[PDB]
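Next up: just one chain, as C-alpha cells, the form solved without the partner chain.
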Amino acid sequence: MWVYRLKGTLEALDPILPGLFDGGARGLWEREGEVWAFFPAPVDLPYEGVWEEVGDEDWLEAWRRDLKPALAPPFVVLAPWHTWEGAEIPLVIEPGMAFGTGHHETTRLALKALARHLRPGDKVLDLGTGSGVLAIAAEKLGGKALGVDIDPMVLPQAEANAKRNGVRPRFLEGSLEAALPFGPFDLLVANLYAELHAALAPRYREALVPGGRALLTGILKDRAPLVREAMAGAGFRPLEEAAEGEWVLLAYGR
C-alpha cells in the first residue's frame, strides 16, 4: 500500500477528506501535525501531499524504526531505544499519542527558545504540555515547571516521560485558569495555535511577573500578524521571532 501524507489535522483537512475516499483511500490516521491516508496504489490528487510506498509490511513499525534523534540545541530528543554520542542534554520521549515527540517543528522551536530565555530558578508554565517534553526540558535547565493540558489522556504519558528523565515537574489537567493558582510565572511556553494565543494574550500578561517572558508557537507563518497584534495590545514587548518551515515562534517580554 501507499500513504499520502498531509500536513494538518482532520479538523483542518475536513473539506478534502471526501476526495481522499473518492480517490480510493481505505484508511486515515491523525498523527502529530499530519494526516496519513492509506491507498492500495498512488493516484494523482490535487491536495499537494506526499506519496510514500509503505506496503509489504506494518506501516507503523516502519515509521517507528525510521525515527532518528531530533536535535533542538542545547537538547536532543531521543526515543527510549535511541543512543546519542553528542554532548546535548538528552530528553527521552516515547513517541506516543500525545503531541510532543520532538519531531515537529513547533516543539523544536519551543525547546530552543526555552534555552535562550529561561533563568535557573524560574517558575515555568508549559501550556498545552502533551508528552511533557517542554516541562521536562525546563526542569533540565533549572526551571520549576508546571505542565497543563486540557486532554487528561496525555497526563500519564507526561508523568512517565518525566520519570524516564529523572525530573519532577508538576502535571495537571486544565488550561491557563487551572495554572493561575500556581503562578505568577517567570516564563510561559505555549505551543498552541494562533487564534488561541490571540484570545489568551490578556491573561498571559496576568500569568507573568514583571520581567516575565512569553514564548508562543504552533503559529502558522501567515497567521502570525494575529498574534503580534494581540500581544502588542496586552503590552508585551517583542523580543525575537524564529521560524522553521511554515511555522513560527514569537517571543515576548513584559
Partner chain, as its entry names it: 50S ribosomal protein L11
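Positions refer to the first chain, counted from 1. Under this definition, the rigid core comprises the largest set of C-alpha atoms superposing within 1.5 Å between the forms.
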Unmodelled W84 in at least one third of other entries with both flanks present: no
Unmodelled in at least a third of other entries of this protein, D186: no
Mean C-alpha B-factor comparison - 104-112 and 149-157, higher one: 149-157
Mean temperature factor over C-alpha atoms, higher-scoring stretch between 52-60 and 30-38: 52-60
Ranked C-alpha temperature factor of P210 among modelled chain residues, by third: middle
Ranked C-alpha temperature factor of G86 among modelled chain residues, by third: middle
Entry-reported Cα temperature factor of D186, expressed as the chain third it lands in: lowest
Third of the chain's Cα B-factor distribution that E177 belongs to, per the entry: highest
Ranked C-alpha temperature factor of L118 among modelled chain residues, by third: middle
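As for the form solved in complex with the partner chain, it is not shown, yet the points below apply to it.
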Listed range touching the partner chain, judged in the deposited bound form by heavy atoms within 4.5 Å, from 180-188, 117-125, 103-111, 139-147: 103-111
Sole residue of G211, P225, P202, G27 within 4.5 Å of the partner chain in the deposited bound form, by heavy atom: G27
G19, heavy atom within 4.5 angstroms of the partner chain in the deposited bound form: yes
Partner proximity in the deposited bound form: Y193 to the partner chain, non-hydrogen atom cutoff 4.5 Å: yes
4.5 Å heavy atom contact, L10 to the partner chain in the deposited bound form: yes
Touches the partner chain in the deposited bound form: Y252 (any heavy atom, 4.5 Å): no
Stretch 235-249 - residues with a heavy atom within 4.5 Å of the partner chain in the deposited bound form: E246, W247
Answer among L208, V227, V35, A190 for the CA shift between this form and the one not shown that reaches 2 Å or more, rigid core superposed: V35
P238 C-alpha moves between this form and the one not shown by 2 Å or more, core aligned: no
Core-aligned C-alpha movement of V248 between this form and the one not shown, 2 Å or more: no
Cα displacement of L45 between this form and the one not shown reaching 2 Å, rigid core superposed: yes
